[PDB]
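To be precise, the following lines are upload.cif, and they hold mmCIF, C-alpha atoms.
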```cif
data_data
loop_
_atom_site.group_PDB
_atom_site.id
_atom_site.type_symbol
_atom_site.label_atom_id
_atom_site.label_comp_id
_atom_site.auth_asym_id
_atom_site.auth_seq_id
_atom_site.Cartn_x
_atom_site.Cartn_y
_atom_site.Cartn_z
ATOM 1 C CA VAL A 1 24.718 4.277 2.226
ATOM 2 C CA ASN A 2 21.827 1.869 1.729
ATOM 3 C CA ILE A 3 19.655 2.563 -1.322
ATOM 4 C CA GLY A 4 16.217 0.994 -1.591
ATOM 5 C CA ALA A 5 14.459 -0.125 -4.744
ATOM 6 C CA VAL A 6 11.284 -1.928 -5.808
ATOM 7 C CA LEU A 7 11.277 -4.182 -8.874
ATOM 8 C CA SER A 8 8.657 -6.442 -10.425
ATOM 9 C CA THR A 9 10.930 -9.433 -11.116
ATOM 10 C CA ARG A 10 14.166 -10.866 -9.756
ATOM 11 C CA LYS A 11 16.032 -10.017 -12.972
ATOM 12 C CA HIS A 12 15.353 -6.307 -12.455
ATOM 13 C CA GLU A 13 16.714 -6.491 -8.902
ATOM 14 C CA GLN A 14 19.771 -8.402 -10.118
ATOM 15 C CA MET A 15 20.590 -5.774 -12.736
ATOM 16 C CA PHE A 16 19.991 -3.039 -10.154
ATOM 17 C CA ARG A 17 22.550 -4.722 -7.892
ATOM 18 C CA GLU A 18 24.961 -4.996 -10.825
ATOM 19 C CA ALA A 19 24.498 -1.291 -11.583
ATOM 20 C CA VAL A 20 25.115 -0.382 -7.937
ATOM 21 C CA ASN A 21 28.291 -2.483 -7.967
ATOM 22 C CA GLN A 22 29.438 -0.765 -11.165
ATOM 23 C CA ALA A 23 28.776 2.652 -9.621
ATOM 24 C CA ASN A 24 30.754 1.679 -6.518
ATOM 25 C CA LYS A 25 33.638 0.503 -8.707
ATOM 26 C CA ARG A 26 33.561 3.772 -10.662
ATOM 27 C CA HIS A 27 33.762 5.710 -7.366
ATOM 28 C CA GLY A 28 36.006 3.268 -5.504
ATOM 29 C CA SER A 29 38.467 6.000 -4.533
ATOM 30 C CA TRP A 30 36.006 7.227 -1.894
ATOM 31 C CA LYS A 31 35.583 5.711 1.569
ATOM 32 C CA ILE A 32 31.790 5.367 1.176
ATOM 33 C CA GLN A 33 30.165 2.089 0.132
ATOM 34 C CA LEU A 34 26.695 1.609 -1.343
ATOM 35 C CA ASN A 35 24.487 -1.385 -0.533
ATOM 36 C CA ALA A 36 21.631 -2.505 -2.783
ATOM 37 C CA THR A 37 18.297 -3.450 -1.194
ATOM 38 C CA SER A 38 15.363 -4.486 -3.379
ATOM 39 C CA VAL A 39 11.873 -5.875 -2.795
ATOM 40 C CA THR A 40 9.245 -7.460 -5.019
ATOM 41 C CA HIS A 41 5.930 -5.845 -5.886
ATOM 42 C CA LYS A 42 2.860 -7.029 -3.999
ATOM 43 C CA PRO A 43 -0.737 -7.177 -5.280
ATOM 44 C CA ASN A 44 -2.059 -5.493 -2.119
ATOM 45 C CA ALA A 45 -1.230 -1.802 -1.780
ATOM 46 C CA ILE A 46 -1.449 -1.945 2.021
ATOM 47 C CA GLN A 47 0.753 -5.045 2.093
ATOM 48 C CA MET A 48 3.244 -3.364 -0.241
ATOM 49 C CA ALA A 49 3.405 -0.270 1.973
ATOM 50 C CA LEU A 50 3.861 -2.373 5.112
ATOM 51 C CA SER A 51 6.640 -4.388 3.464
ATOM 52 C CA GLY B 1 -14.128 21.995 20.729
ATOM 53 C CA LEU B 2 -12.986 18.455 20.071
ATOM 54 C CA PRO B 3 -16.038 16.878 21.792
ATOM 55 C CA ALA B 4 -18.301 18.922 19.519
ATOM 56 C CA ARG B 5 -16.404 17.692 16.455
ATOM 57 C CA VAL B 6 -16.599 14.061 17.587
ATOM 58 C CA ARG B 7 -20.325 14.370 18.300
ATOM 59 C CA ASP B 8 -20.912 15.959 14.890
ATOM 60 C CA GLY B 9 -18.998 13.189 13.129
ATOM 61 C CA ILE B 10 -20.844 10.449 15.004
ATOM 62 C CA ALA B 11 -24.181 12.106 14.233
ATOM 63 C CA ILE B 12 -23.289 12.411 10.541
ATOM 64 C CA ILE B 13 -22.308 8.744 10.325
ATOM 65 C CA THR B 14 -25.433 7.599 12.174
ATOM 66 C CA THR B 15 -27.723 9.748 10.019
ATOM 67 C CA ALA B 16 -26.124 8.458 6.818
ATOM 68 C CA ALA B 17 -26.460 4.849 7.980
ATOM 69 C CA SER B 18 -30.100 5.360 8.980
ATOM 70 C CA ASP B 19 -30.932 7.005 5.652
ATOM 71 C CA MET B 20 -29.254 4.171 3.746
ATOM 72 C CA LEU B 21 -31.125 1.554 5.783
ATOM 73 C CA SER B 22 -34.497 3.280 5.356
ATOM 74 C CA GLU B 23 -34.027 3.947 1.627
ATOM 75 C CA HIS B 24 -33.001 0.542 0.246
ATOM 76 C CA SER B 25 -34.176 -1.402 3.339
ATOM 77 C CA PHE B 26 -30.622 -2.670 3.911
ATOM 78 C CA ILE B 27 -27.347 -1.416 5.373
ATOM 79 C CA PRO B 28 -23.991 -2.168 3.634
ATOM 80 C CA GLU B 29 -22.039 -3.209 6.742
ATOM 81 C CA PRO B 30 -20.104 -6.361 5.810
ATOM 82 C CA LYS B 31 -16.996 -7.791 7.437
ATOM 83 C CA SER B 32 -13.438 -6.621 6.801
ATOM 84 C CA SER B 33 -9.838 -7.800 6.913
ATOM 85 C CA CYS B 34 -6.389 -6.234 6.838
ATOM 86 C CA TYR B 35 -5.484 -7.984 3.574
ATOM 87 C CA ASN B 36 -6.914 -10.349 0.937
ATOM 88 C CA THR B 37 -9.357 -7.846 -0.559
ATOM 89 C CA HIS B 38 -10.280 -10.055 -3.505
ATOM 90 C CA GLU B 39 -13.766 -11.040 -4.724
ATOM 91 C CA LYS B 40 -15.256 -8.634 -2.143
ATOM 92 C CA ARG B 41 -15.022 -5.421 -4.202
ATOM 93 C CA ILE B 42 -17.951 -6.491 -6.407
ATOM 94 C CA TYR B 43 -20.381 -5.228 -3.744
ATOM 95 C CA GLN B 44 -19.717 -1.598 -4.647
ATOM 96 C CA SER B 45 -22.278 0.330 -2.603
ATOM 97 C CA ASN B 46 -21.979 3.723 -4.321
ATOM 98 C CA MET B 47 -24.974 4.657 -2.149
ATOM 99 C CA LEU B 48 -23.319 5.362 1.210
ATOM 100 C CA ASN B 49 -21.579 8.376 -0.330
ATOM 101 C CA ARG B 50 -24.874 9.564 -1.831
#
```

Write-out of the structure in structure tokens:
Amino acid sequence: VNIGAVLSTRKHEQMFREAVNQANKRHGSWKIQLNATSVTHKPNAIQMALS
Amino acid sequence: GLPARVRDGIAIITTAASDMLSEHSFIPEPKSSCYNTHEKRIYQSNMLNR
């Protein structure tokens, strides 16, 4: 179950990944795994949407 | 019909462009690019909509 996310800096993405890992650990009894995917903000709105 | 709509849109655009050209003696029709829209937003027409 991939979950997207957009963060301004790498630290935000890192803590988002840590939170996703913690959530997976809290619900480890299930057979469903969550993957964290994050991207950085872009100055161009069109470029950001394309990315 | 669709052809009528397309003709009306083309006529509207042409009339607006002609009015803009005849009013200020110039037409705001510069170049364009997919990205890198920096330093080019200063030329805010604000007259094409009028």

**OP:** Go through the shown structure with the PyMOL selection byres ((chain A) within 8 of (chain B)) and write out the matching residues as a ChimeraX atom specification.
**Re:** /A:44,46-47

Original post:
From the list A:51, A:24, A:38, A:33, which residue is nearest residue 5 (chain A) when using only C-alpha atoms?
Top reply: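 Counting only C-alpha atoms, the residue closest to residue 5 (chain A) is A:38.
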
Subject >> Closest of A:13, A:23, A:18, A:6 to residue 41 (chain A) - atom-to-atom distances counting all atoms listed in the file >> reply: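 Looking at the shortest contact to residue 41 (chain A), the residue is A:6.
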
**OP:** Please measure the separation of CA of residue 44 (chain B) and CA of residue 27 (chain B), giving the value in Å to one decimal.
**Re:**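 CA of residue 27 (chain B) lies at a distance of 12.6 Å from CA of residue 44 (chain B).
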
Original post:
Near residue 13 (chain B), within 10 Å and counting all atoms listed in the file, which residues show up once chain neighbours fewer than 6 positions away are dropped, as a PyMOL selection string?
Top reply: chain B and resi 7+19+48

Original post:
Do you have the CA of residue 1 (chain A)-CA of residue 40 (chain A) distance handy?
Top reply: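 Atom-to-atom, CA of residue 1 (chain A) and CA of residue 40 (chain A) are spaced 20.7 Å apart.
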
Original post:
Please, which residues are within 10 Å of (6.6, -10.8, -8.2) by the file's coordinates, counting all atoms listed in the file, and could they come as a PyMOL selection string?
Top reply: chain A and resi 7-10+39-43

**OP:** Provide the CA of residue 47 (chain B) to CA of residue 8 (chain B) distance in Å, to one decimal place.
**Re:** 20.8 Å
